Structures are given as structure tokens and as C-alpha cells.
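Below is one structure, written out as C-alpha cells; comments come after it.
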Amino acid sequence: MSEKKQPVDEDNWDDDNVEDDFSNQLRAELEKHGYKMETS
Amino acid sequence: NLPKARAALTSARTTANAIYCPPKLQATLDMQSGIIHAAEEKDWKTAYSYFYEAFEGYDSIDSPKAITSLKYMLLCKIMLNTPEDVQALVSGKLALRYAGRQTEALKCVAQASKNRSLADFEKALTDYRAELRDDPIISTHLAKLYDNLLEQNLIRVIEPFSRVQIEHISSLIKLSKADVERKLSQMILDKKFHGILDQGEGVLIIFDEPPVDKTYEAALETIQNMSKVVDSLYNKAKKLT
Amino acid sequence: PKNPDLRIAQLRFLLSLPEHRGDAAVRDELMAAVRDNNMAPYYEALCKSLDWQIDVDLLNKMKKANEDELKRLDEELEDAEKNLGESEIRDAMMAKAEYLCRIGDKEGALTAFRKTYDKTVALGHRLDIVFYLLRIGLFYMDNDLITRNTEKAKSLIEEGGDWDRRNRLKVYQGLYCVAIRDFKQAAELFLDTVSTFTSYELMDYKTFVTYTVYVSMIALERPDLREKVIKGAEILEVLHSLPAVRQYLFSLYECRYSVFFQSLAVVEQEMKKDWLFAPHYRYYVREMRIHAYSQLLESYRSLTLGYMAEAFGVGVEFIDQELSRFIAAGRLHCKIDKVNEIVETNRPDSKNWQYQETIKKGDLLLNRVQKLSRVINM
Amino acid sequence: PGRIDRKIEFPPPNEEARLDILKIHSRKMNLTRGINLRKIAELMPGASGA
């Protein structure tokens, strides 16, 4: 501000928003989708 | 072996001008360029012109070689179906110079190009089966034809009425779900066909409202209007501080 | 003088993800150590790969031979400068001193680059600097120097035309666009194709065909996709030599989804074993799916997942959560019914949303010129 | 006959004449760097700089 209270108290990082969605959902993913062939 | 044929054609490129006079090379080199590139599916009408340039150099050579030479060029007119060079070639004195048996059977094959006519095409397909065997690539020639003639027949039955039931209209093409209906769906992706189907009651409904002059001419300028302000943001922030 | 060491960078990524082979990667590295006088290539590989036993005096007599070769280049600079010439003395020392950067670490790098950068009278010798920062920026993961040198190459050497080394920037900046996420400029700068032919910095051009074809299946739209390969001449013969890559392009236009779980997995296998594609292989998978799902839903307004299981063989619970996490992330908005086996398309995205971008940008933007209007007065 | 002024003969195409006239007109084109401008000038006897 610098006044008042607060002074007292592409990129891959941009792509990480979509990448972190892959961390908790469906991995990447290859091996699992590759296993879906012979399952059914 | 197409890559080996191109390497054999590449060796003919430097050999053409290597010796003194070809004597006939570039005429055959353009013919060989009308084979490998024909399998490469580069361009049709231009490749058909290479068979025409080679046919001009075929004058006064072995007749058994020229009697099988018209098998490639006149069947190429069957593949294209719109060469636009029909009237030029077949009306000239050079294309009609051969009065022999096999070329007279090719004369009506060159007439079959001007024919089209599926019901007639399925007939002459058996009559010309003897000429079908000499086709260098049998798959690419007749597949693109019959697949192109498909939508040529499809646009005829769908044209008269807006919406059409898919059970009766597919009985004329002999099947529904396997390939045909998936090919009509591909025509929507290529914009050649505008419409939508119904799986429950089996009715293909054609509806279109392509033009919008209010939305497109507006939003594009507003996005440009943002570029007018962003470019002026350099003036704003700099003059103040 | 790159591909021999450029493959060592591939050996670094070869050791990175898999732990299986530490012997196979160290045998061709020692074969690359006994030549080229490589020191750092086996110094940083010594931590990643095995610690031996002993290299030392076996490779120390080579760096001693390098020291005799390094001192004769140092003797070359003061002996040749006794005479007077334009660039003849200083260019002969820098090309082999940048080769001394290929020996090891940063020693040869920083001493050659910044020293000779001033006298160079040609844009070709200035790009040899930039070219040798990109190879060491390929070896070492540092992204800093590779953004700076390309910025210096675009100002000086582009003035101005060139046939060769300016088209190499379109490959390098295209390789920078594929290193980070840029879809549009990557395939755009990769349109040069055979015009660059094959060079020591271009490695195998057939591998460059695999690099431009993987970015083309996304950024290049389906009408433009088939337009480039079909009508293309020099780019068509190189993809025809690869049966797996050519079959994928024809199948993408054929829309059959039975081979997509196969062919794309083979492409994903190449995506896993290639460098710089490790962070980027997660989004590429589903991006080709929505690219195939785009034209998919456009076919019918009412679609059944039982018909999807036909081509998928058999998608039931897989495409359930799949398409669910798509619409949730804003990818191909559609309404797909559960247990009723109905998909609804729509979405008419050309009417309501296209008017929203007007006031959307018109909020934060106009708010900036509000405070800016409050500056007057004071 | 050089009277009265400096004597200038209308130059025929020459070796050193074809070297400079080619390098100047090549600045407006994109040309490969593996080309030798010495041999291409000698392979064109006679003719002119035009």
C-alpha cells in the first residue's frame, strides 16, 4: 500500500493447473488405458 | 515397393541429362512420375496430364507397347471422372489413331468415363473386368470412384424432401448402421451434408440456418476493440508515470 | 558435431525414467567417452549411472591429451595474433574452444562464448554461440540460457534474410514451443519440413517428421490436417515410409475408434521414451480424444454409449467417468444421460457465450481505465 | 580519342567485373552459403554484366 495494516503483518507453472487436475484424476495415463484392451 | 520405385525414379532424374540426348527418357520419366505419384495420391488431373504428355511421345514406337499404354491413361479417366480434358484428348487424331481390337474395347471404356451411371457402371464393371486386371492399382482406382459415386447417389434421394426416414432410404443402399450411416455422419464433418438423424424413430432431419450477421460481425470487432485498448494501455500507463 | 553428443542427452533421458538398464547406457557412453574427449558427459552420468570401480587414469590420459590439445589452442591465440587479420585468428580459436566446452562442465562454455562475442563481424559466428548454448541447454536442464541466446539470434540474424541458419531457429524455437506448451506456433514453425533437409543439429529428419506430426494432430484442424498431408509433396513421402504414423493419420480421418486405443498407445510409447515430453504426455492423451470426440458427437444429436462400446470395445464404465471429467473441466460441453444411454448436442456455443466475451474483457479492462481516469486530477 | 578528358573504355565482361556485379545483385535474394562465386563467374565467358 504501503500504508496501514499489511506492513505490520508460458509456463509449466501455468500448465500445472491442468496438470494437477491429472494428479488427482485418471493419472496421465497410459498403462491403465493400455490394460483396458485385454480386460473387455 | 514405392520407396524403391522413387529411388529408381531419382536415379532416372540425373541420368536423363547425363548422356547426350535421352533419347526418350523425360517422356518415360514423366510417365514414371505419373505412377509413383499416382500411388502417392498427390494430384489427379496433373498426373492425368503426365499420361497425356507421355502419349505424345508414344508416337512411332512399338504398337504392343502402345496398345497397353491406353489401358493406363483411359482407366485414369475412369478414376478422375472429372478430368475436364476428356473432349481434348478423345476428339483428337492421336487418340483415335488406334483401330485395333483391344483399343476399341478401350474406346467404350473412355466412353464409360462420360457415362458414369451406377446401374450402367455395375454392368460394364463385369464387361470391362478384362481391362480391370491391367489396372496398376486396383484398390485406389475403384474405391475412390465407388465412394464418390456413393454421395453422388446420396445427394439425389435426400434432395427432394427435407427429412427422410433412415430405415427405408438405407434399404436402397442395402445396409444402415455398419458403414453407410457412418459415412453420412462424416459428410456433416466435411460440411458437404447439413442435417441430423434420429436413432429412436429412424428419421434423418435436414435443418440449417448458417448465416448470422449480427453475432459474427460484432464479437470479432469487440475482440479487436480489446486490442485497440490494450495497445492504448501503453499510452495510458506511460503518460501518468 | 552435435548428434554424437546430442545422443548422450538422449542417454541422459534414457537413464532418467527407467532404472532397468544401467549397463546398456554406460557401454555406449564409454564408447562416446573414448572418443570426442568427453569429461562431463560421464561426470554427471557417474551419479545417475553406476559409480564403477574406476575410470580416472583411463579417461585422465584423454583429458591430459585434451590439456595438450587445450594448451595448443591457447598457444594458437597468442601465436596467430602476432600477425593481423579479420576474424581469422579469433574464429579459429572459438570453434575449437566451444569444442572444449564439449569436453566438460561450464569451463569451456563461459570462456569461449563471452570472450569472442564482441569481435564477430558475421551473423554466422554469432549463431554458433547461440547454437552451442542450445546444445548445452539440451544437456543440462537449465532453461535460462536457451531463452536468452535465441533472443539475440532473432534480432541480429533476422535483419535480413538467410537460407539455412535462420530456418534452424524455426526448428529451435519450434523445439522450444514443443518443450513448453505451445500448439499453434510449433506446427507453424515446423512447416519448413524438408527445406532444412538434414544437419548435425537437425539429427534424423524422420524423427523431426514424428515431432511435427504429433503437434499437427491437435493444433492443425481436421480440414487443414488432411489439406497439408494430401496436397503436400515432400512431407508426404517421409510419412509414407513410417507405416505406424501413416496409418494413424488415415485412421484419424476414418474416425474408427477401434485402432485409436492401439495406434495412439504406440504413439504414447514414443511419447514416454522421448525427452522433454515427460511433463507434457498427460494432457496429450485426452486432447486427441476430444479431438476425436468433437467430430464424434457432431454426427448425431441423440447418441447411445452402447454404440460407443462398439468402436471402443467396450467402453462402459471407462467413458462414463472420462466424459464426466471432460465436461467438468470445460472440454466439449455436452449433456450425456446416465442409464438412459442418451447424449445431447447442441451445445450452441456460437450465440450466448460469444456475446459474453464482450463484457467479460469489458470488466477488468474498463476498470483499469477507471482508476486511470481517477488520476485526473491528482 | 580521349580528347579532351579521362579515357574510359566501355567495359566488356571481365573476371573482376563479374565478381563484384554478382555479389551486389545477390544481396536482394536468399542464396545458399555452399555456393562458390568464383567458379560461376568464370563459366560465363563473354555475354555481359547484364
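Letters A, B, ... mark the chains of the C-alpha cells in the order given; residue numbers begin at 1 per chain; ligand numbers begin at 1, in order shown.
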Write out as a PyMOL selection string each polymer residue whose atoms come within 8 Å of stretch 25-36 of chain D, counting only C-alpha atoms; drop sequence neighbours fewer than 5 positions from it.
chain C and resi 161-164
Could you list, as a PyMOL selection string, every residue within 8 Å of residue B:176, counting only C-alpha atoms and ignoring same-chain residues fewer than 4 positions away?
chain B and resi 166-167+170-171+180-181
Non-local contacts of residue C:272 (12 Å; only C-alpha atoms; under 2 positions in same chain excluded) as a list in words
residues 28, 29, 30 and 31 of chain A; 13, 14, 16, 17, 18, 264, 265, 266, 267, 268, 269, 270, 274, 275, 276, 277, 278, 279, 280, 281, 282, 284 and 285 of chain C
With C-alpha atoms retained, write the just-selected residues as a PDB file, in the first residue's frame.
ATOM      1  CA  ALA A  28      -1.757 -39.384 -17.043  1.00  0.00           C
ATOM      2  CA  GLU A  29      -2.449 -42.123 -18.205  1.00  0.00           C
ATOM      3  CA  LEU A  30      -1.023 -44.902 -20.397  1.00  0.00           C
ATOM      4  CA  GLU A  31      -0.547 -48.265 -18.644  1.00  0.00           C
TER       5      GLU A  31
ATOM      6  CA  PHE C  13      16.766 -39.258 -20.534  1.00  0.00           C
ATOM      7  CA  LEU C  14      17.256 -42.973 -21.242  1.00  0.00           C
ATOM      8  CA  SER C  16      16.105 -40.936 -16.164  1.00  0.00           C
ATOM      9  CA  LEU C  17      12.707 -42.663 -16.177  1.00  0.00           C
ATOM     10  CA  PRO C  18      13.659 -46.376 -16.396  1.00  0.00           C
ATOM     11  CA  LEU C 264      -2.206 -43.894 -30.038  1.00  0.00           C
ATOM     12  CA  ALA C 265      -0.782 -46.162 -27.330  1.00  0.00           C
ATOM     13  CA  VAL C 266       2.121 -46.902 -29.681  1.00  0.00           C
ATOM     14  CA  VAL C 267       2.459 -43.145 -30.198  1.00  0.00           C
ATOM     15  CA  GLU C 268       2.251 -42.707 -26.422  1.00  0.00           C
ATOM     16  CA  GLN C 269       5.066 -45.253 -26.079  1.00  0.00           C
ATOM     17  CA  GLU C 270       7.201 -42.949 -28.224  1.00  0.00           C
ATOM     18  CA  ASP C 274      11.319 -39.135 -25.783  1.00  0.00           C
ATOM     19  CA  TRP C 275      12.857 -36.273 -23.820  1.00  0.00           C
ATOM     20  CA  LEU C 276      11.005 -33.066 -22.845  1.00  0.00           C
ATOM     21  CA  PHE C 277       7.715 -34.953 -23.306  1.00  0.00           C
ATOM     22  CA  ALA C 278       7.578 -36.228 -19.709  1.00  0.00           C
ATOM     23  CA  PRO C 279       5.502 -33.350 -18.226  1.00  0.00           C
ATOM     24  CA  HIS C 280       3.524 -32.967 -21.469  1.00  0.00           C
ATOM     25  CA  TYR C 281       2.273 -36.514 -22.101  1.00  0.00           C
ATOM     26  CA  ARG C 282      -0.606 -36.273 -19.603  1.00  0.00           C
ATOM     27  CA  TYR C 284      -1.858 -35.014 -24.939  1.00  0.00           C
ATOM     28  CA  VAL C 285      -3.774 -38.271 -24.346  1.00  0.00           C
TER      29      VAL C 285
END
DSSP helix (DSSP H, G or I) residues within chain D, listed as a PyMOL selection string
chain D and resi 15-28+37-42
Resulting file, chosen residues, N, CA and C atoms, as an mmCIF file, in the first residue's frame:
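See part.cif below for the written result:
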data_model
loop_
_atom_site.group_PDB
_atom_site.id
_atom_site.type_symbol
_atom_site.label_atom_id
_atom_site.label_comp_id
_atom_site.auth_asym_id
_atom_site.auth_seq_id
_atom_site.Cartn_x
_atom_site.Cartn_y
_atom_site.Cartn_z
ATOM 1 N N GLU D 15 36.600 -10.836 -65.412
ATOM 2 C CA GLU D 15 36.636 -11.645 -64.198
ATOM 3 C C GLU D 15 36.319 -10.801 -62.968
ATOM 4 N N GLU D 16 37.165 -9.809 -62.679
ATOM 5 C CA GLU D 16 36.906 -8.927 -61.545
ATOM 6 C C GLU D 16 35.629 -8.120 -61.748
ATOM 7 N N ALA D 17 35.166 -8.005 -62.996
ATOM 8 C CA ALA D 17 33.918 -7.295 -63.259
ATOM 9 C C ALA D 17 32.711 -8.166 -62.936
ATOM 10 N N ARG D 18 32.825 -9.478 -63.162
ATOM 11 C CA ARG D 18 31.709 -10.368 -62.858
ATOM 12 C C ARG D 18 31.656 -10.722 -61.379
ATOM 13 N N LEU D 19 32.750 -10.499 -60.649
ATOM 14 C CA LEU D 19 32.781 -10.849 -59.232
ATOM 15 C C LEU D 19 31.983 -9.850 -58.401
ATOM 16 N N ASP D 20 32.191 -8.554 -58.644
ATOM 17 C CA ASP D 20 31.514 -7.542 -57.840
ATOM 18 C C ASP D 20 30.067 -7.352 -58.278
ATOM 19 N N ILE D 21 29.796 -7.469 -59.581
ATOM 20 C CA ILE D 21 28.441 -7.233 -60.071
ATOM 21 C C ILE D 21 27.498 -8.343 -59.623
ATOM 22 N N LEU D 22 28.025 -9.544 -59.370
ATOM 23 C CA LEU D 22 27.177 -10.638 -58.909
ATOM 24 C C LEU D 22 26.906 -10.535 -57.413
ATOM 25 N N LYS D 23 27.910 -10.128 -56.632
ATOM 26 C CA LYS D 23 27.747 -10.061 -55.183
ATOM 27 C C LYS D 23 26.748 -8.979 -54.789
ATOM 28 N N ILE D 24 26.681 -7.898 -55.568
ATOM 29 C CA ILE D 24 25.784 -6.796 -55.232
ATOM 30 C C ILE D 24 24.340 -7.169 -55.545
ATOM 31 N N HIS D 25 24.105 -7.738 -56.729
ATOM 32 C CA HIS D 25 22.753 -8.116 -57.120
ATOM 33 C C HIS D 25 22.232 -9.326 -56.355
ATOM 34 N N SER D 26 23.098 -10.052 -55.650
ATOM 35 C CA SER D 26 22.692 -11.202 -54.855
ATOM 36 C C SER D 26 22.296 -10.827 -53.434
ATOM 37 N N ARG D 27 22.406 -9.550 -53.063
ATOM 38 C CA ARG D 27 22.026 -9.126 -51.722
ATOM 39 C C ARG D 27 20.515 -9.066 -51.543
ATOM 40 N N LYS D 28 19.758 -9.015 -52.635
ATOM 41 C CA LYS D 28 18.305 -8.958 -52.582
ATOM 42 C C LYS D 28 17.656 -10.334 -52.652
ATOM 43 N N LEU D 37 31.216 -18.265 -55.634
ATOM 44 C CA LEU D 37 31.018 -17.201 -56.608
ATOM 45 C C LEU D 37 32.189 -17.046 -57.568
ATOM 46 N N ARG D 38 33.308 -17.729 -57.321
ATOM 47 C CA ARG D 38 34.459 -17.610 -58.210
ATOM 48 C C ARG D 38 34.271 -18.444 -59.471
ATOM 49 N N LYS D 39 33.759 -19.667 -59.324
ATOM 50 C CA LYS D 39 33.648 -20.560 -60.471
ATOM 51 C C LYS D 39 32.483 -20.172 -61.373
ATOM 52 N N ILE D 40 31.400 -19.646 -60.794
ATOM 53 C CA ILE D 40 30.228 -19.315 -61.599
ATOM 54 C C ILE D 40 30.508 -18.123 -62.508
ATOM 55 N N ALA D 41 31.438 -17.248 -62.117
ATOM 56 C CA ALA D 41 31.767 -16.103 -62.959
ATOM 57 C C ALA D 41 32.649 -16.514 -64.132
ATOM 58 N N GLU D 42 33.546 -17.480 -63.919
ATOM 59 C CA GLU D 42 34.444 -17.919 -64.979
ATOM 60 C C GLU D 42 33.758 -18.822 -65.997
#
Near chain C, 9 Å: chain A residue rows, closest pairs, only C-alpha atoms, as a tab-separated table:
residue	atom	partner	partner_atom	distance
A:10	CA	C:180	CA	7.0
A:11	CA	C:180	CA	6.8
A:12	CA	C:180	CA	6.7
A:15	CA	C:181	CA	7.6
A:18	CA	C:283	CA	7.7
A:19	CA	C:282	CA	7.2
A:21	CA	C:329	CA	9.0
A:22	CA	C:282	CA	7.0
A:25	CA	C:325	CA	8.3
A:26	CA	C:322	CA	8.4
A:27	CA	C:282	CA	7.6
A:28	CA	C:282	CA	4.2
A:29	CA	C:282	CA	6.3
A:30	CA	C:265	CA	7.1
A:31	CA	C:265	CA	8.9
A:33	CA	C:261	CA	7.8
A:34	CA	C:265	CA	6.9
A:36	CA	C:318	CA	8.7
A:37	CA	C:261	CA	7.7
A:40	CA	C:314	CA	6.1
What does the file look like for those residues with N, CA and C atoms, as a PDB file, in the first residue's frame?
ATOM      1  N   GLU A  10       5.578 -19.643 -20.475  1.00  0.00           N
ATOM      2  CA  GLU A  10       4.178 -19.850 -20.844  1.00  0.00           C
ATOM      3  C   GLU A  10       3.211 -19.933 -19.643  1.00  0.00           C
ATOM      4  N   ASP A  11       3.459 -20.759 -18.616  1.00  0.00           N
ATOM      5  CA  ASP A  11       4.629 -21.620 -18.436  1.00  0.00           C
ATOM      6  C   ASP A  11       4.173 -22.987 -17.928  1.00  0.00           C
ATOM      7  N   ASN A  12       5.125 -23.863 -17.590  1.00  0.00           N
ATOM      8  CA  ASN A  12       4.773 -25.119 -16.937  1.00  0.00           C
ATOM      9  C   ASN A  12       4.001 -24.901 -15.644  1.00  0.00           C
ATOM     10  N   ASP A  15       0.688 -24.321 -16.891  1.00  0.00           N
ATOM     11  CA  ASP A  15       0.130 -25.600 -17.310  1.00  0.00           C
ATOM     12  C   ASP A  15      -0.119 -26.536 -16.135  1.00  0.00           C
ATOM     13  N   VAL A  18      -3.805 -27.496 -15.202  1.00  0.00           N
ATOM     14  CA  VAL A  18      -4.388 -28.658 -15.862  1.00  0.00           C
ATOM     15  C   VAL A  18      -3.633 -29.924 -15.474  1.00  0.00           C
ATOM     16  N   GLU A  19      -2.344 -29.791 -15.149  1.00  0.00           N
ATOM     17  CA  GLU A  19      -1.546 -30.962 -14.796  1.00  0.00           C
ATOM     18  C   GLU A  19      -1.914 -31.486 -13.414  1.00  0.00           C
ATOM     19  N   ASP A  21      -4.809 -31.271 -12.115  1.00  0.00           N
ATOM     20  CA  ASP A  21      -6.069 -31.979 -12.305  1.00  0.00           C
ATOM     21  C   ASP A  21      -5.830 -33.424 -12.717  1.00  0.00           C
ATOM     22  N   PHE A  22      -4.719 -33.693 -13.407  1.00  0.00           N
ATOM     23  CA  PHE A  22      -4.369 -35.060 -13.767  1.00  0.00           C
ATOM     24  C   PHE A  22      -3.750 -35.814 -12.598  1.00  0.00           C
ATOM     25  N   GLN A  25      -6.798 -37.061 -10.763  1.00  0.00           N
ATOM     26  CA  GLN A  25      -7.802 -37.668 -11.633  1.00  0.00           C
ATOM     27  C   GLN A  25      -7.110 -38.382 -12.783  1.00  0.00           C
ATOM     28  N   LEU A  26      -7.382 -39.682 -12.916  1.00  0.00           N
ATOM     29  CA  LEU A  26      -7.029 -40.515 -14.070  1.00  0.00           C
ATOM     30  C   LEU A  26      -5.536 -40.497 -14.396  1.00  0.00           C
ATOM     31  N   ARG A  27      -4.684 -40.167 -13.421  1.00  0.00           N
ATOM     32  CA  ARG A  27      -3.236 -40.141 -13.613  1.00  0.00           C
ATOM     33  C   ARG A  27      -2.847 -39.377 -14.875  1.00  0.00           C
ATOM     34  N   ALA A  28      -2.159 -40.040 -15.801  1.00  0.00           N
ATOM     35  CA  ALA A  28      -1.757 -39.384 -17.043  1.00  0.00           C
ATOM     36  C   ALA A  28      -2.756 -39.621 -18.203  1.00  0.00           C
ATOM     37  N   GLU A  29      -3.009 -40.853 -18.674  1.00  0.00           N
ATOM     38  CA  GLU A  29      -2.449 -42.123 -18.205  1.00  0.00           C
ATOM     39  C   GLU A  29      -2.297 -43.073 -19.390  1.00  0.00           C
ATOM     40  N   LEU A  30      -1.318 -43.975 -19.310  1.00  0.00           N
ATOM     41  CA  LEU A  30      -1.023 -44.902 -20.397  1.00  0.00           C
ATOM     42  C   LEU A  30      -1.239 -46.353 -19.991  1.00  0.00           C
ATOM     43  N   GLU A  31      -0.499 -46.848 -18.993  1.00  0.00           N
ATOM     44  CA  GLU A  31      -0.547 -48.265 -18.644  1.00  0.00           C
ATOM     45  C   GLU A  31      -1.968 -48.728 -18.339  1.00  0.00           C
ATOM     46  N   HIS A  33      -4.916 -47.335 -19.365  1.00  0.00           N
ATOM     47  CA  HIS A  33      -5.655 -47.364 -20.622  1.00  0.00           C
ATOM     48  C   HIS A  33      -5.109 -48.429 -21.564  1.00  0.00           C
ATOM     49  N   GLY A  34      -3.842 -48.811 -21.396  1.00  0.00           N
ATOM     50  CA  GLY A  34      -3.302 -49.918 -22.165  1.00  0.00           C
ATOM     51  C   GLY A  34      -3.777 -51.267 -21.667  1.00  0.00           C
ATOM     52  N   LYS A  36      -6.838 -51.726 -20.562  1.00  0.00           N
ATOM     53  CA  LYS A  36      -8.255 -51.838 -20.894  1.00  0.00           C
ATOM     54  C   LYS A  36      -8.493 -52.666 -22.150  1.00  0.00           C
ATOM     55  N   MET A  37      -7.454 -52.894 -22.956  1.00  0.00           N
ATOM     56  CA  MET A  37      -7.592 -53.710 -24.157  1.00  0.00           C
ATOM     57  C   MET A  37      -8.072 -55.117 -23.819  1.00  0.00           C
ATOM     58  N   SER A  40     -11.758 -56.246 -21.525  1.00  0.00           N
ATOM     59  CA  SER A  40     -13.048 -56.476 -22.162  1.00  0.00           C
ATOM     60  C   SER A  40     -13.002 -56.087 -23.636  1.00  0.00           C
TER      61      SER A  40
END
Shell around stretch 187-197 of chain C at 12 Å using only C-alpha atoms, local window under 5 positions removed, as a PyMOL selection string:
(chain C and resi 162-178+181-182+202-221+224-225+228-229+232-239) or (chain D and resi 32)
Dump of N, CA and C atoms for the selected residues, as a compact mmCIF listing (two decimals), in the first residue's frame:
# COMPACT_ATOMS: atom_id res chain seq x y z
N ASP C 162 18.31 -15.23 -44.44
CA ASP C 162 19.27 -16.29 -44.73
C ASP C 162 18.49 -17.54 -45.11
N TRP C 163 19.15 -18.44 -45.83
CA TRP C 163 18.51 -19.70 -46.21
C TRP C 163 18.56 -20.72 -45.08
N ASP C 164 19.72 -20.91 -44.46
CA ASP C 164 19.97 -22.09 -43.64
C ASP C 164 19.77 -21.81 -42.15
N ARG C 165 20.70 -21.07 -41.55
CA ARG C 165 20.72 -20.96 -40.09
C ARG C 165 19.57 -20.13 -39.54
N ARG C 166 18.86 -19.39 -40.39
CA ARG C 166 17.63 -18.75 -39.94
C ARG C 166 16.48 -19.75 -39.88
N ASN C 167 16.46 -20.72 -40.80
CA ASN C 167 15.45 -21.77 -40.73
C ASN C 167 15.71 -22.72 -39.57
N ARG C 168 16.95 -22.76 -39.07
CA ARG C 168 17.24 -23.59 -37.91
C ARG C 168 16.61 -23.02 -36.65
N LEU C 169 16.48 -21.69 -36.58
CA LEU C 169 15.78 -21.08 -35.45
C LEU C 169 14.32 -21.48 -35.43
N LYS C 170 13.70 -21.58 -36.61
CA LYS C 170 12.32 -22.06 -36.68
C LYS C 170 12.21 -23.49 -36.17
N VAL C 171 13.29 -24.27 -36.30
CA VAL C 171 13.31 -25.60 -35.69
C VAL C 171 13.58 -25.49 -34.20
N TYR C 172 14.52 -24.62 -33.81
CA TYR C 172 14.86 -24.49 -32.39
C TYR C 172 13.74 -23.81 -31.61
N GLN C 173 13.23 -22.68 -32.12
CA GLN C 173 12.06 -22.07 -31.49
C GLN C 173 10.86 -22.99 -31.57
N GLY C 174 10.74 -23.76 -32.65
CA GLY C 174 9.72 -24.79 -32.71
C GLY C 174 9.96 -25.89 -31.68
N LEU C 175 11.22 -26.24 -31.45
CA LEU C 175 11.55 -27.16 -30.37
C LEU C 175 11.35 -26.54 -29.00
N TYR C 176 11.46 -25.21 -28.89
CA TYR C 176 11.11 -24.55 -27.65
C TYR C 176 9.59 -24.50 -27.46
N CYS C 177 8.85 -24.36 -28.56
CA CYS C 177 7.39 -24.39 -28.47
C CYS C 177 6.89 -25.78 -28.10
N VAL C 178 7.58 -26.83 -28.54
CA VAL C 178 7.19 -28.19 -28.14
C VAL C 178 7.77 -28.56 -26.78
N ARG C 181 4.44 -25.71 -23.51
CA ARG C 181 3.19 -25.94 -24.22
C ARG C 181 2.94 -24.75 -25.14
N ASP C 182 3.16 -24.95 -26.44
CA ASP C 182 2.61 -24.07 -27.46
C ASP C 182 2.20 -24.94 -28.63
N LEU C 202 20.01 -31.00 -36.83
CA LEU C 202 18.67 -31.49 -37.16
C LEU C 202 18.53 -32.99 -36.98
N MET C 203 19.59 -33.68 -36.54
CA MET C 203 19.64 -35.13 -36.34
C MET C 203 18.99 -35.88 -37.49
N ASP C 204 18.15 -36.87 -37.18
CA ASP C 204 17.41 -37.59 -38.21
C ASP C 204 16.15 -36.80 -38.56
N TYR C 205 15.99 -36.47 -39.85
CA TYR C 205 14.81 -35.72 -40.26
C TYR C 205 13.54 -36.53 -40.07
N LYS C 206 13.62 -37.86 -40.19
CA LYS C 206 12.45 -38.70 -39.96
C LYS C 206 11.96 -38.57 -38.52
N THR C 207 12.87 -38.33 -37.57
CA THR C 207 12.44 -38.03 -36.21
C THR C 207 11.78 -36.66 -36.12
N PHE C 208 12.25 -35.70 -36.93
CA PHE C 208 11.59 -34.40 -36.99
C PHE C 208 10.20 -34.51 -37.61
N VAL C 209 10.00 -35.48 -38.50
CA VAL C 209 8.66 -35.73 -39.04
C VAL C 209 7.73 -36.23 -37.94
N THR C 210 8.25 -37.07 -37.04
CA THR C 210 7.45 -37.54 -35.92
C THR C 210 7.16 -36.40 -34.94
N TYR C 211 8.05 -35.41 -34.87
CA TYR C 211 7.84 -34.29 -33.96
C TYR C 211 6.78 -33.33 -34.50
N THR C 212 6.79 -33.10 -35.82
CA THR C 212 5.81 -32.18 -36.40
C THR C 212 4.45 -32.84 -36.59
N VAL C 213 4.41 -34.17 -36.69
CA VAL C 213 3.13 -34.84 -36.90
C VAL C 213 2.36 -34.97 -35.59
N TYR C 214 3.06 -34.98 -34.45
CA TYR C 214 2.38 -35.11 -33.17
C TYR C 214 1.73 -33.79 -32.75
N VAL C 215 2.33 -32.66 -33.14
CA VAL C 215 1.72 -31.36 -32.88
C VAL C 215 0.67 -31.01 -33.93
N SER C 216 0.72 -31.65 -35.11
CA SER C 216 -0.23 -31.33 -36.17
C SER C 216 -1.60 -31.94 -35.92
N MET C 217 -1.67 -33.07 -35.21
CA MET C 217 -2.95 -33.72 -34.95
C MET C 217 -3.81 -32.96 -33.95
N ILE C 218 -3.30 -31.91 -33.33
CA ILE C 218 -4.07 -31.08 -32.40
C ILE C 218 -4.25 -29.66 -32.94
N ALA C 219 -3.15 -28.91 -33.09
CA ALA C 219 -3.25 -27.51 -33.47
C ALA C 219 -3.78 -27.34 -34.89
N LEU C 220 -3.35 -28.19 -35.81
CA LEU C 220 -3.82 -28.15 -37.19
C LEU C 220 -5.20 -28.81 -37.23
N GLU C 221 -6.20 -28.05 -37.67
CA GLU C 221 -7.58 -28.52 -37.64
C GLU C 221 -7.80 -29.59 -38.70
N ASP C 224 -7.72 -28.56 -42.22
CA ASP C 224 -6.35 -28.20 -42.59
C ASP C 224 -5.41 -29.39 -42.45
N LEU C 225 -5.71 -30.32 -41.55
CA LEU C 225 -4.89 -31.52 -41.36
C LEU C 225 -4.77 -32.30 -42.66
N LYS C 228 -2.82 -30.55 -45.56
CA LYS C 228 -1.37 -30.45 -45.60
C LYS C 228 -0.71 -31.74 -46.06
N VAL C 229 -1.19 -32.89 -45.57
CA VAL C 229 -0.52 -34.15 -45.88
C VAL C 229 -0.85 -34.61 -47.30
N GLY C 232 0.44 -32.04 -49.75
CA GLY C 232 1.88 -31.90 -49.57
C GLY C 232 2.65 -32.96 -50.35
N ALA C 233 3.82 -32.55 -50.85
CA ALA C 233 4.66 -33.43 -51.66
C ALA C 233 5.84 -33.96 -50.84
N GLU C 234 6.78 -33.09 -50.45
CA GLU C 234 7.97 -33.56 -49.76
C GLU C 234 7.66 -34.08 -48.36
N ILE C 235 6.56 -33.61 -47.76
CA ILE C 235 6.20 -34.09 -46.43
C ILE C 235 5.42 -35.39 -46.51
N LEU C 236 4.91 -35.74 -47.70
CA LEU C 236 4.10 -36.94 -47.83
C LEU C 236 4.95 -38.20 -47.94
N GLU C 237 6.10 -38.12 -48.61
CA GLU C 237 6.92 -39.32 -48.81
C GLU C 237 7.60 -39.75 -47.52
N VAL C 238 7.87 -38.81 -46.61
CA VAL C 238 8.55 -39.16 -45.37
C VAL C 238 7.60 -39.83 -44.39
N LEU C 239 6.32 -39.45 -44.41
CA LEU C 239 5.34 -40.11 -43.55
C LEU C 239 4.90 -41.45 -44.12
N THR D 32 22.06 -19.99 -50.96
CA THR D 32 22.80 -20.90 -50.10
C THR D 32 24.22 -20.38 -49.87
Hey, what's within 10 Å of residue B:197 if we count only C-alpha atoms and toss same-chain stuff fewer than 6 positions away? As a list in words, please?
residues 163, 164, 165, 166, 181, 184, 185, 203, 204, 205 and 206 of chain B; 299, 300, 301, 302 and 303 of chain C
Using 8 Å as the limit and counting only C-alpha atoms, can you tabulate each residue of chain B that touches chain C, with its shortest atom-to-atom distance in Å and the two atoms involved, as CSV?
residue,atom,partner,partner_atom,distance
B:3,CA,C:241,CA,7.3
B:40,CA,C:237,CA,7.7
B:41,CA,C:230,CA,7.0
B:42,CA,C:231,CA,5.9
B:43,CA,C:231,CA,7.3
B:185,CA,C:299,CA,4.9
B:186,CA,C:299,CA,7.2
B:188,CA,C:299,CA,6.8
B:189,CA,C:295,CA,6.3
B:190,CA,C:223,CA,7.5
B:196,CA,C:300,CA,6.0
B:197,CA,C:300,CA,5.9
B:198,CA,C:302,CA,6.7
B:199,CA,C:302,CA,6.8
B:215,CA,C:351,CA,7.1
B:219,CA,C:355,CA,6.5
B:222,CA,C:358,CA,6.0
B:223,CA,C:358,CA,7.3
B:226,CA,C:361,CA,7.4
B:236,CA,C:372,CA,7.4
B:237,CA,C:372,CA,8.0
B:240,CA,C:375,CA,7.9
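Put simply, atom CA of residue C:87 is 9.1 Å away from atom CA of residue C:122.
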In stretch 254-354 of chain C, what's strand (DSSP E or B) per DSSP? Answer as a ChimeraX atom specification?
/C:302-303,335-337,342-344
